[PDB]
Student: 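Pasting in a structure now, in structure tokens, and then I'll have a few things to ask.
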Amino acid sequence: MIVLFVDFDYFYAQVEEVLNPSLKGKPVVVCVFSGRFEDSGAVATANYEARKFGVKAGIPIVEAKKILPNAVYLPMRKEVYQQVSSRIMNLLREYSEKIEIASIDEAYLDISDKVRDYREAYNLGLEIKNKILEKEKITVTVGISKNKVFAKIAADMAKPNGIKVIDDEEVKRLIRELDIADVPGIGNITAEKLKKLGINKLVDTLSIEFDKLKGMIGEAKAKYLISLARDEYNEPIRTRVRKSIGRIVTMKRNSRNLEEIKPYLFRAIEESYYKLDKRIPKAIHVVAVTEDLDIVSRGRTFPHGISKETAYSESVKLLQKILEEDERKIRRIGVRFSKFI
DNA sequence: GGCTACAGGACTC
DNA sequence: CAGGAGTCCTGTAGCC
Ligand SMILES: Nc1ccn([C@@H]2CS[C@H](COP(=O)(O)OP(=O)(O)NP(=O)(O)O)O2)c(=O)n1
Ligand SMILES: [Ca+2]
Ligand SMILES: [Ca+2]
Ligand SMILES: [Ca+2]
Ligand SMILES: [Ca+2]
């Protein structure tokens with residue numbers, strides 16, 4: 001199989017640049033203002049200008065400002081980025097029916113039947129990079145390999161504004177050399193408990209007792225890593241269908257007071273229903289982020305669709321449930337709908 | 001034993 | 001100083 005992965009560069013930031021070219025060349029920081037106090041919130045993402053100085057996704061906005069006080073701080077305008085995204089996804093579909101839109105920012109294309117080899121695949125990569133630049137002036141990075149995991153690693157190595165092919169030999173080389181931390185799906189926690197078994201590379205999973213790998217990191221995860229080490233990994237490119245829709249908001253104040261939280265919970269429901277469009281969920285979950293950043297939740301599945309009214313009442317019951325079974329204070333409250341009809 | 005629901009865990013962008 | 005949205009897996013407990 002031949003997979004061609006497309007990853008838009010500093011997507012949110014670049015879209016802002018396309019809409020306002022004077023930004024070009026400056027450090028741009030796209031932010032999620034929380035509402036609690038001046039500059040409370042976090043960085044959603046930033047361009048390379050800002051990034052090369054340590055301003056990265058997830059850090060607090062005030063910390064970003066300490067590092068880059070004169071950078072441009074823009075509020076997230078997701079709907080805008082989503083519309084530009086949708087248009088680019090449509091361009092990619094001209095290249096293949098077997099397409100997987102993994103996020104607002106990435107897409108996997110199976111071009112096995114469009115191209116004969118990696119040479120023709122690389123060339124198809126330039127063709128795509130060019131198309132997107134012509135139509136939307138967005139630069140992207142193209143990763144190419146025999147499966148989704150290595151096509152993504154390929155792009156991770158070539159961004160930004162790049163294109164890279166990882167043929168069969170480098171796959172073998174990477175299995176040996178590549179820091180297993182850089183493997184998609186392995187975060188700090190997993191990587192810590194991995195690399196602490198001397199497993200620092202994909203190969204190391206082959207020589208360790210299985211019940212043991214699986215003891216530290218779970219079955220699915222160990223099979224995944226091993227199948228990759230054996231160069232026997234295969235996951236087809238697939239149309240993705242959204243399985244949940246939700247909304248979570250940050251309260252001005254942390255609270256444990258039911259009447260004080262309801263307003264937030266209710267607004268989160270309204271926004272959620274809106275996004276459901278015509279989907280009818282059978283399940284609802286009330287999600288709360290506590291005082292200390294711990295996530296708690298209580299849900300319920302119904303044998304029928306959930307009307308907005310039923311969502312309102314059930315959410316309060318679920319919220320009460322949380323309040324009763326957890327003495328902590330809530331800082332963020334929301335809901336998530338799933339199991340659509 | 002294994003399938004279901006539910007709640008938490010970990011990860012990705 | 002700690003936003004937001006969405007996905008997959010696992011441990012536990014009911015049940016067949
Ligand atoms: N922690 C994070 C990470 C990403 N984001 C959002 C979700 S999608 C948008 C992608 O922006 P981005 O900077 O282009 O992400 P990348 O790491 O792919 N940058 P790139 O090198 O272009 O692929 O960032 C976020 O809100 N919070
Ligand atoms: Ca990405
Ligand atoms: Ca990107
Ligand atoms: Ca063509
Ligand atoms: Ca990692």
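Here is how names work: the chains are called A, B, and so on, in the same order as the sequence lines, proteins then strands, and each is numbered from 1. Values reported hereafter were calculated over all heavy atoms of this structure, with side chains retained and with hydrogens, waters and symmetry mates removed.
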Student: Is the closest side-chain donor-acceptor distance between A:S255 and A:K329 under 3.5 Å?
Tutor: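 Side-chain D/A pair, A:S255 to A:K329: absent.
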Student: Scan A:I245 against the nucleic acid and name what it touches under 4.0 Å (heavy atoms): base, sugar-phosphate only, or nothing.
Tutor: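 The answer is sugar-phosphate, as A:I245 gets under 4.0 Å only of primed atoms, P, OP1 or OP2.
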Student: Using atom CD of A:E38 as one end and atom P of C:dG3 as the other, report the distance to the nearest whole Å.
Tutor: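 For the pair A:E38 CD and C:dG3 P, the rounded distance is 17 Å.
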Student: Between C:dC1, B:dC13, B:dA7, spot the one nearest the side chain of A:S297, thanks.
Tutor: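 So the side chain of A:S297 is nearest to B:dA7.
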Student: Touch check for A:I59, heavy atoms < 4.0 angstrom, all strands: base, sugar-phosphate only, or nothing?
Tutor: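 Touches nothing.
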Student: Can you tell me which nucleotide in B:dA10, C:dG3, C:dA2 comes closest to the side chain of A:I189?
Tutor: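 Minimum distance to the A:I189 side chain belongs to B:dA10.
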Student: Could you note down all residue pairs passing salt bridge (charged side-chain N to carboxylate O under 4.0 Å, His left out) where residues 217-231 of chain A supplies at least one of them, sequence neighbours left out?
Tutor: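 Salt bridge (charged side-chain N to carboxylate O under 4.0 Å, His left out) check on residues 217-231 of chain A returns A:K146-A:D231, A:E219-A:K223.
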Student: Between A:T290 and A:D292, do the side chains contain a donor N or O and an acceptor N or O under 3.5 Å apart?
Tutor: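 Looking only at side-chain atoms, A:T290 and A:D292 do form a donor-acceptor pair, the distance falling under 3.5 Å.
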Student: Between C:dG3 and A:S40, is there an OP1 or OP2 to side-chain N/O distance shorter than 4.0 Å?
Tutor: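 For C:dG3, OP1/OP2 do not have a side-chain N/O of A:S40 under 4.0 Å.
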Student: Within the 4.0 Å heavy-atom criterion, would you say A:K214 contacts the bases, only the backbone, or no part of the nucleic acid?
Tutor: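 It contacts nothing in the nucleic acid.
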Student: Is the shortest side-chain N/O distance from A:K221 to OP1 or OP2 of B:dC11 below 4.0 Å?
Tutor: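 For A:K221, the contact criterion (side-chain N or O under 4.0 Å from OP1 or OP2 of B:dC11) is not met.
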Student: So, A:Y10 versus A:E17: side-chain donor-acceptor pair below 3.5 Å or not?
Tutor: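 Not at all, the side chains of A:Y10 and A:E17 share no donor-acceptor pair under 3.5 Å.
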Student: Which comes earlier along DNA chain C counting from the 5' end, the contact point of A:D39 or that of A:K275, where each point is its nearest nucleotide?
Tutor: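 The answer here is A:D39.
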Student: Looking across every strand, which nucleic acid part, if any, lies under 4.0 Å from A:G334 by heavy atom: base, sugar-phosphate, or nothing?
Tutor: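 Nothing, no nucleic acid heavy atom in range.
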Student: Run through A:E127, A:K164, A:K159, A:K129 and flag the one making a side chain to side chain contact (heavy atoms under 4.5 Å, CB included) with A:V142.
Tutor: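 The side chain to side chain contact (heavy atoms under 4.5 Å, CB included) with A:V142 is passed solely by A:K129 among A:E127, A:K164, A:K159, A:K129.
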Student: Only pairs under 3.5 Å count here: list side-chain donor-acceptor contacts from residues 240-250 of chain A, not counting sequence neighbours, and write none if there are none.
Tutor:
| from | atom 1 | to | atom 2 | distance (Å) |
| --- | --- | --- | --- | --- |
| A:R240 | NH1 | A:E100 | OE2 | 3.0 |
| A:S244 | OG | A:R336 | NH1 | 2.7 |

Student: With nearest nucleotides of DNA chain C determined for A:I217 and A:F37 from heavy-atom distances, which residue corresponds to the more 5′ nucleotide?
Tutor: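 So the residue in question is A:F37.
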Student: Give the nucleotide from the list C:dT7, C:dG3, B:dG8 with an atom nearest to the side chain of A:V32.
Tutor: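 In terms of side-chain proximity for A:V32, the closest of C:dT7, C:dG3, B:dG8 is C:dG3.
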Student: Using Watson-Crick pairs (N1 to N3, plus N6-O4 or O6-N4) and G-U wobble pairs, both distances under 3.5 Å, which stems of at least 3 pairs involve DNA chain C?
Tutor: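 Correct response: B:1-13 with C:4-16.
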Student: I'd like to know whether the aromatic ring centres of A:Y273 and A:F337 sit less than 6.0 Å apart in this structure.
Tutor: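 Yes, close enough.
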Student: Name the closest nucleotide to the A:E106 side chain, picking from B:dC13, C:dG3, C:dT7.
Tutor: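 Nearest to the side-chain atoms of A:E106, counting from C-beta on, is B:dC13.
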Student: So which nucleotide from B:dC11, C:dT7, C:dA5 ends up closest to the side chain of A:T190?
Tutor: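 Looking only at heavy atoms from C-beta outward on A:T190, the closest nucleotide is B:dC11.
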